[PDB]
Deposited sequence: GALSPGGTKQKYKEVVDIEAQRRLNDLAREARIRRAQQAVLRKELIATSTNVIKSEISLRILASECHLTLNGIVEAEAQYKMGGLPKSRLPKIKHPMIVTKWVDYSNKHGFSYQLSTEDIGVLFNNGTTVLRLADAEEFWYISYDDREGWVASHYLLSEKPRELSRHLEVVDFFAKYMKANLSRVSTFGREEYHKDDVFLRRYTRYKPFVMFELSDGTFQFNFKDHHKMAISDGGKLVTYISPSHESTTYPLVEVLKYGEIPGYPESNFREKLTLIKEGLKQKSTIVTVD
């Protein structure tokens, strides 16, 4: 019959359906710019070390909660990027690269050096400089705006955000303590801490639990939530991590 020509064409279709074309690669639509090669090397490194912990734990499956970003605003085109940590400190990444981190009293003023990566300067709000007066006006505006109509909350040093990157599927946060946090369009979140060994999961309804990664991989899924597509989400993390680990010049 002509079913032979049909069955053969069918078979070739199934083979081709197992390969890719027009497949999405991670593209950053927004990220803070780092004007230091050394700063990038430190970032790239941290991505590699943390990735290694994932991969080591991936080939090897056969509880302290990390600091996280509770809310954020990418206003990069106007004022700058803002965020709030589980410590309820507020940071603002200014478009020049500098940062002001106001504690829960005082604030840190951060920027980077071509010879020393990141540089920080602690101040008292009492003793704030006149030159940094506009910065804290912007922080004050971000602090109040974020309180009013952004929603989330969390329950041994000062931590700031070195790098954020917004992809279509998720926004990725690189904190200064080596923690990585991923916010998915699924409204599911997870944070990778402690060299890649520990994984934290935050729910759409804001339930958060920290678990060893080996265990979670022993489960084959986060224990509470089956709706969370963990395998795919851990794959995106890995793709995101690897991409950054090679960004060492700009």
Enumerate the deposited-sequence segments absent from the coordinates, judged by C-alpha atoms, in order of position.
1 to 19, 82 to 92, 135 to 136, 188 to 194, 290
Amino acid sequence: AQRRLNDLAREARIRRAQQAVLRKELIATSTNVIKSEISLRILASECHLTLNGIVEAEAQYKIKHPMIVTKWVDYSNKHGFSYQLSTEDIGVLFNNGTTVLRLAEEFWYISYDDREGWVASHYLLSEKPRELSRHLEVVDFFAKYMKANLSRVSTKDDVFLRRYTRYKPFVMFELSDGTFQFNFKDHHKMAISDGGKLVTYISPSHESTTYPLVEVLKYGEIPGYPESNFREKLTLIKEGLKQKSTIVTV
From here on, numbers count along this sequence of modelled residues.
Averaging the C-alpha B factors as listed in the entry, name the stretch that ends up higher: 201 to 209 or 187 to 195.
201 to 209
According to the deposited model, is the average Cα temperature factor higher in 164 to 172 or in 125 to 133?
125 to 133
Please pick out which of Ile68, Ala57, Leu26, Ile42 has the largest Cα B-factor as recorded in the entry.
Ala57
Checking the record values for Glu106, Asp140, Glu88, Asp74, which has the greatest CA B factor?
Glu106
Where does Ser82 sit by CA temperature factor within its chain: lowest, middle or highest third?
lowest
Within-chain third of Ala17 by Cα B-factor, per the entry
lowest
Would you please rank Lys238 by its C-alpha temperature factor against the other modelled residues of its chain and give the third it falls in: lowest, middle or highest?
middle
Taking the entry's C-alpha B-factors for this chain, is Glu46 in the lowest, middle or highest third?
lowest
Can you work out whether the C-alpha temperature factor of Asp114 puts it in the lowest, middle or highest third of the chain?
middle
